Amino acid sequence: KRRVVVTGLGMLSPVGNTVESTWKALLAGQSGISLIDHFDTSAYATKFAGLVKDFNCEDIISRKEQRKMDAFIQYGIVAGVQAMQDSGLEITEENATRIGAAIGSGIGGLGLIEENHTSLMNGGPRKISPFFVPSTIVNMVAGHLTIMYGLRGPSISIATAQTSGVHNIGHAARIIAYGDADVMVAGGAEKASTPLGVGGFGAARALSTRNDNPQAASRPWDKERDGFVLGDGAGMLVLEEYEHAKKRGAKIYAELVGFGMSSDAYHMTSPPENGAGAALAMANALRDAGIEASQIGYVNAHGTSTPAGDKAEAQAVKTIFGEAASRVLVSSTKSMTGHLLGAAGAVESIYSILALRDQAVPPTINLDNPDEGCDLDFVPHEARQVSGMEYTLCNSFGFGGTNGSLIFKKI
């Protein structure tokens, strides 16, 4: 029986370029949402997003190497390096074979897709870059990282849209527990704040359109919600088999105890009002962790700020928690962070970890008027102190009715 633990964290987000800076901001209820400036937004109904401020990889990636990779890859590599370094793990010829990675993304390299496509339109296939494929495809973050570190263990990339972060972490853990690896860098990366990303989700009427106050747009469970907010970033965890960790005197953030998946079997871009899909994923994580819903101190909701999605998760929470529905704290950091799609579940797994270490839960900001008929503690406006919280649960849901949940335990 092999237990899995988190021994390293890395992160790039709209509120901080490091793990600690990001957590500090979240507990302080800060928003990382700002107006888009890197492309003309005149014709765009949505003109803001949660961007990564002052990104720098000069010391991690050569501009020679930078040319062969989309922003999403650069972000993921940086965050993955941060995590590898934070873990203290030393790759040796003994090790190599037993260390891998499970890193995905929702949409991948849109920015370079647009660039290459624009080039082809203007001057033919002759203008497409030799790096088109390798610089845009989803598995490129695991690709570069394995190379940078000489990792020869299993490497996979789960592209399950907005549910990727959770899936990659879940399966990385599965890969470890199963015996295929001893250590795994896992998580996701995304950079979809481009004409296509913004134009695309905007075309589906999925984005908040509150340009007059970009910072108040992400408002999960609030009566005035008008769609999700797009956020860029990457989040990475180094997962390791318990004994392998101890034996090397690794610092252990927390333990990965449960992982559950489910399918909505309902609609391509929406969940059922009843949240039956979300309920199953959560129900599966508990059964996997062998605990009861009553033991969860906090839930880092998927809470995207869409009219239909927020209601469904709330429904699902009432269903799984029932009695304790009022005693469990639920909050959506997307209220500050925005929605980082393929990286959401990753960064949000980190917040679920830190909430355990620091016995502090971050707030769902902008919750001025919650929906009516809801008995839930959405941790509105301000961070909240907690006492004997041993477990946290993290949800991620995605287009295609794909759901996943991770349960983390203190120590």
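Heads up: residue numbers just count along the shown sequence, starting at 1.
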Residue range whose averaged C-alpha B-factor is higher in the record, 319-327 or 306-314: 319-327
Mean Cα B-factor comparison, 341-349 or 42-50, giving the higher one as deposited: 42-50
Peak C-alpha temperature factor (PDB record), options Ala293, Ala192, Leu237, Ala101: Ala293
Third of the chain's Cα B-factor distribution that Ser21 belongs to, per the entry: middle
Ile175, C-alpha B-factor rank within chain (lowest, middle or highest third): middle
Modelled-residue ranking by C-alpha temperature factor, third containing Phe131: middle
Chain thirds of CA B-factor: placement of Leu12: lowest
Chain third (lowest, middle, highest) by recorded CA B-factor, residue given as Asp182: middle
